[PDB]
Amino acid sequence: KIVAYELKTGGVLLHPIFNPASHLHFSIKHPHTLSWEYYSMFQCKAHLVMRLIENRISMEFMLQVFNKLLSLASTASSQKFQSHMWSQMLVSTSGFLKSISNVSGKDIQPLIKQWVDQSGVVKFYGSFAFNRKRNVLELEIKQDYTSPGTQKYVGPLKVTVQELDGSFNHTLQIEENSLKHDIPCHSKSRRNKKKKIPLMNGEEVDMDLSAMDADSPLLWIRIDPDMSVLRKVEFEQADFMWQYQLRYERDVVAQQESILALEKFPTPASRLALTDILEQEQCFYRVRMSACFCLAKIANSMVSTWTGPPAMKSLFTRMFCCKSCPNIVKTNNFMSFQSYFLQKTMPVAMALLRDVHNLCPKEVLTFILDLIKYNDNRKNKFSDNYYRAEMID
Amino acid sequence: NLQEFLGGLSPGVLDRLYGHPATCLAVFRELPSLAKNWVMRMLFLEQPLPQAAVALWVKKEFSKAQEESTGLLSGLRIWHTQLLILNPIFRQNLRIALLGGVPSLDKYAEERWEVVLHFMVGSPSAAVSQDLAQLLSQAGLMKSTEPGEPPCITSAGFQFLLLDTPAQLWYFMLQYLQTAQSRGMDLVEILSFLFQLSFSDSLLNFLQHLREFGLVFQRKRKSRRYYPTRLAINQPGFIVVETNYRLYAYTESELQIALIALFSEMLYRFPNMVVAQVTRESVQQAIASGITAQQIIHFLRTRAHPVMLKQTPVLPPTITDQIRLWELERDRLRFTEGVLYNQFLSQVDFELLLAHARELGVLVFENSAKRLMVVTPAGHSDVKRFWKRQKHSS
């Protein structure tokens with residue numbers, strides 16, 4: 001939301017100094033002259049910058065800062081002196097930074113100078129190349145700092161590389177003149193023997209390594225995984241790396257960004273990846289709800305190649321319909337709250353299917369109308385208004 | 001073949017090459033079967049005729065002969081559709097060609113070719129001729145790299161050596177013509193003389209080279225008249241092969257003994273016989289030098305003593321199979337120049353890039369499973385631009 005708004009119009013400036021922001025058509029000196037979208041993005045950027053301050057100075061020290069502010073205010077709140085002490089209930093920026101420096105011993109003045117006083121987000125364009133001879137991974141990260149909403153980042157940058165030997169984090173120093181970052185790569189001895197490949201968490205899984213390159217061990221790369229800067233990343237992986245990142249990652253933002261990047265690769269391996277995500281309980285439900293729409297877009301792009309039925313129909317009849325009647329939907333029992341959301345989002349994406357004539361097929365429209373006719377809600381303890389409203393959608 | 005040589009020519013050189021004296025007859029004799037008949041038919045016609053008649057003028061059976069003859073003579077451009085009348089110049093020359101307008105020599109040719117082959121091989125005693133040496137060096141079968149030291153023999157040299165005399169001489173003359181064009185000698189004038197044989201400064205030099213090769217011999221202190229030898233127009237065996245890789249060759253000329261020693265170990269040399277052994281060492285030595293088992297087998301078969309001709313096959317299966325297996329035992333490294341890309345993103349997009357390097361001729365190896373295309377540095381400035389254009393198209 002904030003990178004869309006700041007690249008759209010100028011930027012949000014937390015803590016201006018009194019104009020400080022002349023790129024935008026109102027004055028930021030008073031709350032009653034702000035646009036309402038600017039007020040909403042102001043609150044949004046403020047809580048993300050506080051998450052960044054928690055990233056630099058750990059969460060227990062952050063809660064100690066907040067407790068110190070509240071305790072000064074509550075010793076202030078019981079005095080009777082007319083504001084000799086009642087102004088300890090008012091916080092400022094300098095007092096907040098001083099309380100942070102009191103509890104931690106680190107000051108955050110570079111982070112405050114970059115993300116508060118400066119009003120911009122950063123844009124990262126990354127592309128890699130694997131050097132087989134020296135066994136290194138040559139990243140190439142360049143910033144677009146000449147757009148109207150952007151600024152230049154010179155700090156450190158975390159990158160997480162999943163190779164066959166596991167998941168390794170690397171810190172890159174991205175100075176102004178930097179372009180190529182050579183990080184080292186590990187072995188490929190988990191392709192010699194079939195062993196399980198260890199993940200970002202402690203677990204390990206069986207991966208189908210037939211799509212991987214023979215010479216490179218690395219399975220996927222993620223630039224800034226923890227969202228530790230206010231950034232927009234445009235990484236150029238290969239399509240099998242996006243499919244491996246969709247399947248076997250233990251991070252929901254990486255599964256979402258792989259869904260978002262698989263729309264450019266309409267190959268049938270990506271259809272298999274999104275269909276395996278859709279069938280998979282123990283995936284987070286908002287990833288499967290995105291995979292519905294991604295599968296609809298991919299299915300629209302590979303018409304005159306699609307083999308069987310329309311997308312997600314057989315999957316809908318496998319998950320939510322009767323075993324004896326495929327075209328009759330099961331009676332509504334909405335007590336699971338994840339297959340309820342997936343059931344009410346799957347025909348909405350299924351209706352975006354189009355034939356070679358650019359008209360929605362009469363197999364999906366008839367399916368949606370049979371979902372509407374055979375709807376029986378006399379048996380669940382929950383209402384049907386959102387599911388029926390999504391059927392109209 | 002001569003058909004290949006003449007097919008590899010332009011119309012402008014072809015019509016000029018169709019000289020009055022002989023060319024119209026020498027090229028006629030090339031016509032394998034039927035095109036002779038059609039040439040005779042429409043030798044007397046001044047009016048072109050429709051192609052359908054020629055098409056239907058051969059029965060349904062054996063039509064492939066009709067199409068192949070028509071294609072061959074279309075390549076030779078003997079006629080033109082003109083809408084199939086023959087070329088007027090060829091018609092006139094052919095009408096003028098059709099009722100219009102030694103024992104010591106063969107030995108000389110044999111001896112001259114034998115001494116030429118002796119020089120080709122590392123024979124201490126051989127005929128000396130700087131022009132012949134440089135001609136053989138530039139023919140592609142010899143490389144010197146050091147004028148002071150005598151030139152060595154390249155890999156193609158051994159293969160050329162093991163060929164039979166007819167094909168050997170024919171290929172040598174083909175290379176002679178190809179290098180004649182490079183050195184600037186007119187190709188048509190020299191070529192017409194070869195055709196005239198089977199019935200200027202450049203002419204004198206060419207005849208001198210032919211005499212050095214032994215095809216012709218003036219015999220009169222280099223007079224205008226010449227008496228071509230048998231080889232100019234265009235024998236029993238002596239080797240006996242045992243089942244224990246033993247060769248008994250009734251050879252008196254050192255050339256045959258040298259040729260056998262090229263791929264066999266010599267044991268004894270009698271006045272009218274020589275004993276050699278075909279061992280792994282000798283055979284693999286020849287293979288490394290460049291020969292392949294096919295040349296050795298063909299050489300032994302062609303120089304097969306009459307005694308072993310009765311048995312079928314002439315060459316024992318054990319010897320032939322052993323030679324072939326010995327050659328197979330060796331498989332060898334290669335050399336090329338290339339550059340490789342990576343991170344090709346979409347699959348259907350990588351298939352379009354494969355056709356760019358294949359049409360230009362800079363593609364070496366492709367990989368659709370990993371997306372891995374090797375591009376030679378000679379055309380690197382053209383593939384990258386195409387890739388950039390594709391990216392721009394998105």
# chains A, B, ... in the order shown; residues from 1 in each chain; ligands from 1
call {"tool": "interface_residues", "arguments": {"of": "chain A", "to": "chain B", "cutoff": "10 Å", "atoms": "only C-alpha atoms", "output": "list in words"}}
result
residues 127, 128, 129, 130, 210, 211, 212, 213, 214, 215, 236, 237, 238, 239, 240, 241, 242, 262, 264, 265, 266 and 267 of chain A
call {"tool": "residues_around", "arguments": {"residues": "residue 298 of chain B", "least_positions_apart": "3", "cutoff": "10 Å", "atoms": "only C-alpha atoms", "output": "list in words"}}
result
residues 162, 163, 164, 293, 294, 295, 301, 302, 303, 304 and 315 of chain B
call {"tool": "atom_distance", "arguments": {"atom1": "atom CA of residue 153 of chain A", "atom2": "atom CA of residue 394 of chain B"}}
result
28.4 Å
call {"tool": "residues_around", "arguments": {"residues": "residue 160 of chain B", "least_positions_apart": "6", "cutoff": "9 Å", "atoms": "only C-alpha atoms", "output": "list in words"}}
result
residues 141, 168, 171 and 172 of chain B
call {"tool": "write_last_selection", "arguments": {"atoms": "N, CA, C and O atoms", "output": "PDB file, in the first residue's frame"}}
result
ATOM      1  N   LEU B 141      47.312 -31.309 -47.927  1.00  0.00           N
ATOM      2  CA  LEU B 141      47.783 -32.608 -47.464  1.00  0.00           C
ATOM      3  C   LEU B 141      49.199 -32.552 -46.903  1.00  0.00           C
ATOM      4  O   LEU B 141      49.749 -33.594 -46.537  1.00  0.00           O
ATOM      5  N   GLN B 168      43.095 -41.235 -55.944  1.00  0.00           N
ATOM      6  CA  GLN B 168      44.171 -40.371 -55.471  1.00  0.00           C
ATOM      7  C   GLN B 168      44.487 -39.288 -56.497  1.00  0.00           C
ATOM      8  O   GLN B 168      44.489 -38.088 -56.178  1.00  0.00           O
ATOM      9  N   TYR B 171      41.466 -36.754 -57.031  1.00  0.00           N
ATOM     10  CA  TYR B 171      41.377 -35.765 -55.962  1.00  0.00           C
ATOM     11  C   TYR B 171      42.536 -34.778 -56.035  1.00  0.00           C
ATOM     12  O   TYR B 171      42.360 -33.580 -55.779  1.00  0.00           O
ATOM     13  N   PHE B 172      43.730 -35.267 -56.378  1.00  0.00           N
ATOM     14  CA  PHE B 172      44.876 -34.376 -56.505  1.00  0.00           C
ATOM     15  C   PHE B 172      44.632 -33.329 -57.588  1.00  0.00           C
ATOM     16  O   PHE B 172      44.929 -32.145 -57.402  1.00  0.00           O
TER      17      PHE B 172
END
call {"tool": "select_by_dssp", "arguments": {"residues": "segment 110-179 of chain A", "states": "strand (DSSP E)", "output": "PyMOL selection string"}}
result
chain A and resi 122-131+136-143+156-163+166-173
call {"tool": "write_last_selection", "arguments": {"atoms": "C-alpha atoms", "output": "PDB file, in the first residue's frame"}}
result
ATOM      1  CA  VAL A 122      13.487   2.239  -2.344  1.00  0.00           C
ATOM      2  CA  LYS A 123      13.238   0.156  -5.519  1.00  0.00           C
ATOM      3  CA  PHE A 124      15.455  -2.893  -6.032  1.00  0.00           C
ATOM      4  CA  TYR A 125      16.105  -4.604  -9.370  1.00  0.00           C
ATOM      5  CA  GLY A 126      17.994  -7.850  -8.881  1.00  0.00           C
ATOM      6  CA  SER A 127      19.371 -10.464 -11.233  1.00  0.00           C
ATOM      7  CA  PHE A 128      21.775 -13.294 -10.520  1.00  0.00           C
ATOM      8  CA  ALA A 129      24.288 -15.430 -12.373  1.00  0.00           C
ATOM      9  CA  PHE A 130      25.904 -18.607 -11.054  1.00  0.00           C
ATOM     10  CA  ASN A 131      29.645 -18.945 -11.678  1.00  0.00           C
ATOM     11  CA  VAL A 136      29.944 -18.374  -6.518  1.00  0.00           C
ATOM     12  CA  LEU A 137      26.638 -16.573  -6.934  1.00  0.00           C
ATOM     13  CA  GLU A 138      27.045 -13.159  -8.567  1.00  0.00           C
ATOM     14  CA  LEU A 139      24.082 -10.983  -7.646  1.00  0.00           C
ATOM     15  CA  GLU A 140      23.419  -7.734  -9.483  1.00  0.00           C
ATOM     16  CA  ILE A 141      21.260  -5.297  -7.511  1.00  0.00           C
ATOM     17  CA  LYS A 142      20.595  -1.860  -8.972  1.00  0.00           C
ATOM     18  CA  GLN A 143      18.296   0.819  -7.601  1.00  0.00           C
ATOM     19  CA  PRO A 156      23.165  -3.327   4.593  1.00  0.00           C
ATOM     20  CA  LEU A 157      20.781  -5.729   2.894  1.00  0.00           C
ATOM     21  CA  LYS A 158      19.887  -9.290   3.843  1.00  0.00           C
ATOM     22  CA  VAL A 159      19.515 -11.938   1.141  1.00  0.00           C
ATOM     23  CA  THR A 160      18.429 -15.538   1.721  1.00  0.00           C
ATOM     24  CA  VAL A 161      19.631 -18.234  -0.682  1.00  0.00           C
ATOM     25  CA  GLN A 162      18.125 -21.716  -0.601  1.00  0.00           C
ATOM     26  CA  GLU A 163      20.652 -24.173  -2.014  1.00  0.00           C
ATOM     27  CA  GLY A 166      20.024 -25.643   3.082  1.00  0.00           C
ATOM     28  CA  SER A 167      18.999 -22.038   3.609  1.00  0.00           C
ATOM     29  CA  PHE A 168      21.782 -19.504   4.157  1.00  0.00           C
ATOM     30  CA  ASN A 169      21.513 -15.795   4.952  1.00  0.00           C
ATOM     31  CA  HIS A 170      24.015 -13.244   3.648  1.00  0.00           C
ATOM     32  CA  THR A 171      24.430  -9.554   4.418  1.00  0.00           C
ATOM     33  CA  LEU A 172      25.353  -7.352   1.451  1.00  0.00           C
ATOM     34  CA  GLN A 173      26.754  -3.833   1.686  1.00  0.00           C
TER      35      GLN A 173
END
call {"tool": "closest_atom_pairs", "arguments": {"of": "segment 336-370 of chain A", "to": "segment 291-308 of chain A", "cutoff": "10 Å", "atoms": "only C-alpha atoms", "output": "Markdown table"}}
result
| residue | atom | partner | partner_atom | distance |
| --- | --- | --- | --- | --- |
| A:342 | CA | A:292 | CA | 8.7 |
| A:345 | CA | A:292 | CA | 7.7 |
| A:346 | CA | A:292 | CA | 6.2 |
| A:347 | CA | A:292 | CA | 8.9 |
| A:348 | CA | A:293 | CA | 8.4 |
| A:349 | CA | A:293 | CA | 5.1 |
| A:350 | CA | A:296 | CA | 6.3 |
| A:351 | CA | A:296 | CA | 8.3 |
| A:352 | CA | A:296 | CA | 6.3 |
| A:353 | CA | A:300 | CA | 5.9 |
| A:354 | CA | A:300 | CA | 5.9 |
| A:355 | CA | A:303 | CA | 7.0 |
| A:356 | CA | A:303 | CA | 6.5 |
| A:358 | CA | A:300 | CA | 9.3 |
